[PDB]
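Per the deposited numbering: the first sequence = residues 42 to 252, 264 to 489.
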Amino acid sequence: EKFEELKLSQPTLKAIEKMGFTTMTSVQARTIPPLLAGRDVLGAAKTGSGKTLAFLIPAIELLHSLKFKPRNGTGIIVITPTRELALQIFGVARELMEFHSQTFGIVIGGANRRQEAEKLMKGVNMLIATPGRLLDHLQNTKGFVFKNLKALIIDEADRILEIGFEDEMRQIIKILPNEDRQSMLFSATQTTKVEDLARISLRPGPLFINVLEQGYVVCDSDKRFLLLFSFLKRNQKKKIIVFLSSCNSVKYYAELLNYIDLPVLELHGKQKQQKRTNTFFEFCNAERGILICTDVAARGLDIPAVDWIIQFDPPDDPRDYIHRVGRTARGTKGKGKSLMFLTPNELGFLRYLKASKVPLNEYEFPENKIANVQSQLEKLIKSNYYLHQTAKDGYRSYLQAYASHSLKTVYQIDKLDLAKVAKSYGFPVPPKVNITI
RNA sequence: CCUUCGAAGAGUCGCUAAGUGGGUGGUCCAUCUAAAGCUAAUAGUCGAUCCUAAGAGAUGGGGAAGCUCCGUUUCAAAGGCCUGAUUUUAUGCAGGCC
Numbered sequence: 042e043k044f045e046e047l048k049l050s051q052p053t054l055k056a057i058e059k060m061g062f063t064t065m066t067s068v069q070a071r072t073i074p075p076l077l078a079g080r081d082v083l084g085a086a087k088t089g090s091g092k093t094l095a096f097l098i099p100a101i102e103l104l105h106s107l108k109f110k111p112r113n114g115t116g117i118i119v120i121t122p123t124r125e126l127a128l129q130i131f132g133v134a135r136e137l138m139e140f141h142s143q144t145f146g147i148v149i150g151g152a153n154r155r156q157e158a159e160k161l162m163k164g165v166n167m168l169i170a171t172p173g174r175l176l177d178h179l180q181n182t183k184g185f186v187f188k189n190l191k192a193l194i195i196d197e198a199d200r201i202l203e204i205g206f207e208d209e210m211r212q213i214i215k216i217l218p219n220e221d222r223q224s225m226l227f228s229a230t231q232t233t234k235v236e237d238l239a240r241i242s243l244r245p246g247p248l249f250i251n252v264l265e266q267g268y269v270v271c272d273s274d275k276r277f278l279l280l281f282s283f284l285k286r287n288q289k290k291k292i293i294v295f296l297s298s299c300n301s302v303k304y305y306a307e308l309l310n311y312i313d314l315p316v317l318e319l320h321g322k323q324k325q326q327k328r329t330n331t332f333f334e335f336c337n338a339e340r341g342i343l344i345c346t347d348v349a350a351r352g353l354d355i356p357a358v359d360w361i362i363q364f365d366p367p368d369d370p371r372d373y374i375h376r377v378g379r380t381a382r383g384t385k386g387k388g389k390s391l392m393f394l395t396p397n398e399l400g401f402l403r404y405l406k407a408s409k410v411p412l413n414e415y416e417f418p419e420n421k422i423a424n425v426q427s428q429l430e431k432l433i434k435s436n437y438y439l440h441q442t443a444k445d446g447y448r449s450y451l452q453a454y455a456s457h458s459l460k461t462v463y464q465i466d467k468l469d470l471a472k473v474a475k476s477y478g479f480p481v482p483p484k485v486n487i488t489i
């Protein structure tokens, strides 16, 4: 099960060697060879099990063999349920086409409408997108060539139907071509709707592959980051993993904490694969330090034994988060204590904690022990252009990931005070972010 | 190449507007972007000269596409003269008459 075993192109091998992957795992060892044959796959691998390369490499190989050009339109369409996971997949795909001549693009909710439209206008050979914006771009943009679709990939069909995109998926299937298209579906679990969607999107008979309490802290939106900094500074000697909603917020927090003399490591989907591997390998043997990473980037990774796991931002998949508080304790034999920051408006999440029957513990913090570095942070943001831009980007990404959360009954953006949210990023007045509120 | 953004001519279009608007065509579609602009291929002494007469006619103002016309003191800032120890926070004109 090695990459050199399979007959592939030269740029593909160059990119794979650059990312550092040599020994492919089982999921990408029992699916890629059938995929180069041109059949259809209904997989069941969990997210982060290496299936990303498994469904990517055939797409790049097909585009290379067919020798696509920008004026040929799109040839590969990947459909993902969440905004942040599509960014990770797009970041992975940017490195498999470093030397190839094809074109890659991203279409997700909350992004620039006209910029995405123009990127489609120029001709994008591989599009990674969310179901909601795909319908808009298909039914509204003129000049988006998609009649030359050669393959289609669905990721986390269970998540897509759970969020409520089944009508959108049906309309998308009714729009996209069907004859030359050889399709692909992946889903960790499978309910009736999963094969209901699989039947109308796959050729008949496709091959299928089979693979301790929790704490919380109630904090105000203008004091979340400052309290987090206080806690991290007070607990530097321990091992802490901090989860954030987006990659831009992860990088901004890491850079800021390193600028204020607090050493932290960072993981996000906009970094190199080798950089991510190096940092995660470093974190697993240092027995000290703080790692800040996104929720999705820490899904496939096997979390080591750490002293604290903080969920600073709302979880991407609360259904998985409720189970993980017991799953990681089943795996890790150490007392890895969990913490979750909740604002007063989104305090209803505790219901899902109570209903799912998990023990619940509340933590207090004195108001006058907070770091009192707000003035320094605001003075630094007004002075350093680079830090100002990174803070604005993190604010943008946090709002964009908060707006499109599946749990609309809990995480509603209309009840979020944007002034206080931007206060925690060092902004007196909120920067303007184009979000439907 | 990547990323974040991304205005558009009103007494005008048609009494009097609009912004995924608007203009013009085709048996829903096609095509442009007005209400802004540039761009080659014998006398001091006798008369006049001075004065005003009926009237004509500038200025102020108004009409008319204009050559020009009306109106003659009119809702014009329409000009002369005089006085003074040199003018009281220190030598930058004050007052009066018609």
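Where a beta carbon is used, it is the ideal one built from N, C-alpha and C, also for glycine.
Put simply, of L343, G61 and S273 the residue whose alpha carbon is nearest the alpha carbon of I292 is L343.
Between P172 and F206, the C-beta gap is smaller than 9 Å, which places the two residues in contact.
For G341, the enclosing beta strand (DSSP E) has its first and last residue at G341 to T346. In the three-state reduction of the DSSP assignment, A192 falls in the strand class, which pools E and B. When the alpha-carbon of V252 is set against those of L77, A85, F227 and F96, the nearest one is in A85. Following the DSSP letters along the chain, one finds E46 in no beta strand (DSSP E), marked with neither H nor E. Residue range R154 to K163 is occupied by the alpha helix (DSSP H) that includes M162, with no beta strand (DSSP E) assigned at that position.
Pairing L308 with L176, the inter-Cα distance amounts to about 39 Å. If you compare the alpha carbons of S242, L83 and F62 with that of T72, the shortest gap goes to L83.
Pairing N189 with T488, the inter-Cα distance amounts to about 33 Å.
For the 9 Å CB-CB criterion, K467 and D274 do not form a contact. For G267, there is no enclosing alpha helix (DSSP H); the residue is found in the beta strand (DSSP E) stretching over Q266 to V270. Residue pairing for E318: DSSP places it in a beta bridge opposite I344. Sixteen is the threshold: when 16 or more other Cβ atoms of the shown chains lie within 10 Å of the Cβ of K389, as they do, the residue is buried. The DSSP assignment places complete alpha helix (DSSP H) segments of no fewer than 4 residues inside the segment 371-445 at 401-407 and 426-435, in order along the chain. Taken atom to atom, the span from the alpha-carbon of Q231 to that of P370 is near 18 Å.
Put simply, the backbone Cα of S297 is about 36 Å away from that of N219. A residue is called buried once 16 or more other Cβ atoms fall within 10 Å of its Cβ, and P366 is buried on that count.
DSSP lists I169 and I194 as the beta-bridge partner residues of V119. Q428 and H440 have their C-alpha atoms roughly 13 Å apart. Looking at the DSSP output, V82 bridges to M225 and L248.
Every alpha helix (DSSP H) of 4 residues or more that sits fully in the segment 93-143 is shown, in chain order, as 124-137. Pairwise C-beta distances place the segment 234-250 out of contact with the segment 385-404, as fewer than three of them are shorter than 8 Å.
Close CB contacts of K87 within its chain, under the 6 Å cut and outside five residues either way in sequence, are with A229 (chain order). A distance of 9 Å or more separates the beta carbons of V68 and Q325. In the DSSP assignment, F145 forms a beta bridge with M167. Nearest to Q363 by alpha-carbon distance, out of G321, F277, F417 and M167, is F277. By the Cβ rule, the segment 336-353 counts as touching the segment 117-137, because three or more pairs are nearer than 8 Å. Each of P122, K303 and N486 was checked against the Cα of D199, and the nearest Cα belongs to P122.
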